[PDB]
Amino acid sequence: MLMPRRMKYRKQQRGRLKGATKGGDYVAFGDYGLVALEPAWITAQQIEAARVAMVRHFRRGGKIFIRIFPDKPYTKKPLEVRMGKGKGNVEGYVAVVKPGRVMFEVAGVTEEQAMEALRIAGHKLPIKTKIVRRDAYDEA
Amino acid sequence: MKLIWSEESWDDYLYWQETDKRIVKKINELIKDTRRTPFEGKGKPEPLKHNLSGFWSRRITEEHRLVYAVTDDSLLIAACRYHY
Amino acid sequence: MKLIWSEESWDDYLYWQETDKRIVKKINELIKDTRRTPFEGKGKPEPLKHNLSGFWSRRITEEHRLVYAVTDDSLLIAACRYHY
Amino acid sequence: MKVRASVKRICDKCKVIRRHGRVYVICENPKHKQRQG
Amino acid sequence: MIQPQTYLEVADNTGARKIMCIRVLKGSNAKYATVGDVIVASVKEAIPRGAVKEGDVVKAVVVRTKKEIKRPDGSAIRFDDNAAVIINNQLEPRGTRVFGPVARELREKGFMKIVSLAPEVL
RNA sequence: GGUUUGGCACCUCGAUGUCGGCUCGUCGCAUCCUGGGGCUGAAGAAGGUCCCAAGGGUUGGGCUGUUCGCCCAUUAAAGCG
RNA sequence: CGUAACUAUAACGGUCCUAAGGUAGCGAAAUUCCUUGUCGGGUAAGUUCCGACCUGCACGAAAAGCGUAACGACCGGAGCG
RNA sequence: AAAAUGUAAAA
RNA sequence: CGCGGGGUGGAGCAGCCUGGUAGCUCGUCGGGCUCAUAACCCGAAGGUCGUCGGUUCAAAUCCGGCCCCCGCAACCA
Ligand SMILES: [Mg+2]
Ligand SMILES: [Mg+2]
Ligand SMILES: [Mg+2]
Ligand SMILES: [Mg+2]
Ligand SMILES: [Mg+2]
Ligand SMILES: [Mg+2]
Ligand SMILES: [Mg+2]
Ligand SMILES: [Mg+2]
Ligand SMILES: [Mg+2]
Ligand SMILES: [Mg+2]
Ligand SMILES: [Mg+2]
Ligand SMILES: [Mg+2]
Ligand SMILES: [Mg+2]
Ligand SMILES: [Mg+2]
Ligand SMILES: [Mg+2]
Ligand SMILES: [Mg+2]
Ligand SMILES: [Mg+2]
């Protein structure tokens, strides 16, 4: 799936997503990247769905770079129960994404392909996306 | 009902096939008379007990005999020469 | 080591007692080389793909080739000729 | 595909005529006819 | 005026003696059934050996009714009982004979065999 | 969307009678028939899928308190709220 | 937990525990949750009813057990008139 | 004291 | 799911409370008694202690998260 192999704590608070992006705002790996326009919690399985989606498209092709990692535990209470009596049990994991974060990067494939492969992945996603090239990403 | 021999059976059978054809053909003759419908058939079926119990015996040529086991498809030949 | 024989994997060796035992010789010789060498030596014993995933085919002549399938002590017989 | 919310082009002979306020998609072959409803 | 639950005297030798009207086969909600209308039914009591056994769901044509039939010519005909005549899916009589008079409404309704067979027609 | 099971505990505990049926309806459309129509792997008859459209229709029994179901015999259909 | 001629099932056995492990007879019952159990029967159609089978959630011997002619403004299922 | 059973081919 | 009990050789049970190696009966194995099989007698080997982590110098044992087994509770409208 994709989830921390171990954790200091098993349940962690929610906290709000405030603009910016803090990191991964520039490419740094492949030739084409996919960035987030709006903030959200991406589920460990929205990723895997986008990832697969990518390869599914260009079979035996380039290399895919998953720039984000769902390390935050998503809680949920049992169906039909009242408020209280503790915090829910963990239902799955997510990764906090903010406008500017590059989520996926492909390399080793014709532009025309990377455009599609990434485009498809954007669909398996809860937020709006924008594809990129590799120009001024020269912080290195 | 797949056929299954074993150590003492294949060796028991090879000797029959390479020492006398009168009983080789007689042996597999019953194997076909069983393979389909076990128990009832030729030779002279008869449920065995003790040493064999779960094994069945088909009278062949008096002295000689053939022991087997039936199990929802898959027979099991155990012996070809000697009384019991 | 018990010997296995499918439905079709039986009538073959069985009709070989009516049409030249030549091919029989192979069966038997090949059988023993398999009791101490699952798939080594005689008939350049090799494995199989797709259809026969996990089946090792031993060379009888060049056409026919009895495919075995050893497992927890038990040599299997599937097809001495054609296929399944 | 007569009706949907994602009328796109399918074949290279598919036109995106826009009539009666609706975004139809006429094409050489019927199976491609559409209408964004 | 036959309706479901009504008992019909069977006017033929199909072996049956009395049938219960299961349903009237006219419209999709026909209220009653009269001379000439077809009906589905249950055999309530039949004779020993017979083409029909009780418990069988059959089909039949109403041939006699206790409620007078009005004739287009202002006359009326009324019988002492409510009888029918079992027929098959092709609407042909399952029996070889028919007993007691029958209403000529039976002809225009298109049941010739029954009419010819009928000993009298009023 | 607000028909289900719930969450919340806002009017109502100086009382808002709380299932099912019967009678009387009326409204919605996400249409069960019937009316128009586009594709179809539509030859034809018959179907499938989507679109338009409630004007009017939308049966009688067996079982169970049942709603619901299942079954019998029908039907143009035996629509859902 | 294991075991008999396919399968099934287990008269038999092994072991742990008890004060002792429910006998006869009844058994989806005024008791059976799953359940409208599954076969019959009755009906055109039967969640009820009657007869059976028993994996008896959760009968069982004097808070009696299983029956029983007669009796009943008792509760159930059927016909006929 | 007490101690069970029986290997299936009749010339 | 809410409570509490329990997964230890092939089977069925001890050991866990009192952390420092594992016991009991049956079975399995080798050998006798026998004409032979039981029974009987002699002597054997066999246990990752459900699992993934923890505390400890050391975990079957103590703390934890899941995983199946068993048993109770699921009431008033
Ligand atoms: Mg057996
Ligand atoms: Mg009868
Ligand atoms: Mg509500
Ligand atoms: Mg309040
Ligand atoms: Mg408050
Ligand atoms: Mg109140
Ligand atoms: Mg008031
Ligand atoms: Mg209710
Ligand atoms: Mg509409
Ligand atoms: Mg016992
Ligand atoms: Mg019952
Ligand atoms: Mg109940
Ligand atoms: Mg009735
Ligand atoms: Mg009733
Ligand atoms: Mg009694
Ligand atoms: Mg004897
Ligand atoms: Mg011994």
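Protein chains in written order, with our numbering: chain A, 1 to 140; chain U, 1001 to 1084; chain E, 2001 to 2084; chain L, 3001 to 3037; chain W, 4001 to 4122. Cβ coordinates follow ideal geometry from the N, Cα and C atoms, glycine included.
#1: Pull the bridge partners of residue 2075 of chain E from the DSSP assignment, please.
#2: Say whether the stretch 55 to 67 of chain A touches the stretch 130 to 139 of chain A, bearing in mind that this needs 3 or more beta-carbon pairs closer than 8 angstroms, one atom from each stretch.
#3: Identify, in the order they occur along the chain, each residue of the same chain with its Cβ nearer than 8 angstroms to the Cβ of residue 84 of chain A, setting aside the five sequence neighbours on each side.
#4: In the DSSP assignment, find the unbroken alpha helix (DSSP H) run with residue 129 of chain A in it and report its ends.
#5: To the nearest angstrom, report how far apart residue 126 of chain A and residue 100 of chain A are at their CA atoms.
#6: Counting pairs of beta carbons, one from the stretch 46 to 53 of chain A and one from the stretch 113 to 128 of chain A, are three or more of them closer than 8 angstroms?
#7: I'd like to confirm something about residue 4050 of chain W: is its beta-carbon nearer than 7 angstroms to some heavy atom of ligand 2, or not?
#8: For residue 2010 of chain E, decide whether its Cβ has a neighbour in chain U, counting only Cβ atoms nearer than 8 angstroms.
#9: From this set, U:1070, U:1071, U:1065, which residue's C-alpha is nearest residue 1024 of chain U's C-alpha?
#10: Within the same chain, show all residues whose beta-carbon is closer than 6 angstroms to that of residue 114 of chain A, passing over the 5 residues directly before and after it, in chain order.
#11: Exposed or buried, which one is residue 9 of chain A when buried takes at least 16 other CB atoms within 10 Å?
#12: Note down, in chain order, each residue of its chain lying with its Cβ closer than 7 angstroms to the Cβ of residue 139 of chain A, except the 5 sequence neighbours on either side.
#13: What is the rounded straight-line gap between the Cα of residue 2040 of chain E and the Cα of residue 1011 of chain U?
#14: Give a yes or no on whether 8 angstroms exceeds the smallest Cβ distance from residue 2002 of chain E to chain U.
#15: Residue 1014 of chain U versus chain E: which residues are under 8 angstroms apart at the beta carbon?
#16: In this structure, does DSSP put residue 111 of chain A in helix, strand or coil?
#17: Quick one: which chain E residues come within Cβ less than 9 angstroms of residue 1056 of chain U?
#18: Would you identify the three-state DSSP class for residue 2009 of chain E, choosing helix, strand or coil?
#19: Which residue's Cα is closest to the Cα of residue 4095 of chain W: W:4043, W:4035, W:4051?
#20: Under 8 angstroms, do residue 4002 of chain W and residue 4038 of chain W count as touching if we go by C-beta distance?
#21: Buried or exposed: residue 103 of chain A, going by 16 or more other Cβ atoms within 10 Å of its Cβ?
#22: Along chain U, in chain order, which residues have C-beta atoms closer than 8 angstroms to that of residue 2053 of chain E?
#23: Which residues share a DSSP beta bridge with residue 4070 of chain W?
#24: Say whether chain E places a C-beta atom closer than 8 angstroms to the C-beta of residue 1042 of chain U.
#25: Judging by CA-CA distance, which residue of W:4108, W:4007, W:4005, W:4015 is the nearest neighbour of residue 4087 of chain W?
#26: Give me the residue from L:3032, L:3037, L:3036 with the minimum Cα distance to residue 3103 of chain L.
#27: Roughly how far, in whole angstroms, is the beta-carbon of residue 2070 of chain E from the beta-carbon of residue 2038 of chain E, given that I think they are within contact range, below 8 angstroms?
#28: Quick one: list the residues of chain E neighbouring residue 1062 of chain U, beta-carbon separation under 8 angstroms, in chain order.
#29: What number of angstroms, rounded off, separates the C-alpha of residue 1096 of chain U from the C-alpha of residue 60 of chain A?
#30: According to DSSP, what are the bridge partners of residue 4059 of chain W?
#31: Taking the alpha-carbon positions, what's the residue 2062 of chain E to residue 2003 of chain E distance?
#32: Counting only Cβ pairs nearer than 7 angstroms, list the residues of chain E close to residue 1007 of chain U.
#33: Under a CB-based cut-off of 8 angstroms, is residue 1025 of chain U close to chain E?
#34: Can you tell me whether residue 56 of chain A is helix, strand or coil according to DSSP?
On the basis of the data shown:
#1: E:2003
#2: no
#3: none
#4: Taken as a continuous stretch (DSSP letters only), residue 129 of chain A belongs to no alpha helix (DSSP H), being part of the beta strand (DSSP E) at 129 to 132.
#5: 15 angstroms
#6: yes
#7: no
#8: yes
#9: U:1065
#10: 32, 106
#11: exposed
#12: 26
#13: 22 angstroms
#14: yes
#15: 2028
#16: helix
#17: Neighbours of residue 1056 of chain U on chain E: none; closest Cβ ~17 angstroms, over 9 angstroms.
#18: helix
#19: W:4051
#20: no
#21: buried
#22: Within chain U, no residue comes near residue 2053 of chain E; the closest Cβ sits about 19 angstroms away, beyond 8 angstroms.
#23: W:4076
#24: no
#25: W:4015
#26: Residue 3103 of chain L falls outside the range modelled here, since chain L spans only 3001 to 3037, and no answer is possible.
#27: 4 angstroms
#28: Residues of chain E passing the Cβ test: none, with the nearest at roughly 23 angstroms.
#29: Lying before the first or after the last residue shown, residue 1096 of chain U is absent from chain U, which here runs from 1001 to 1084.
#30: W:4040, W:4087
#31: 23 angstroms
#32: 2001
#33: yes
#34: helix
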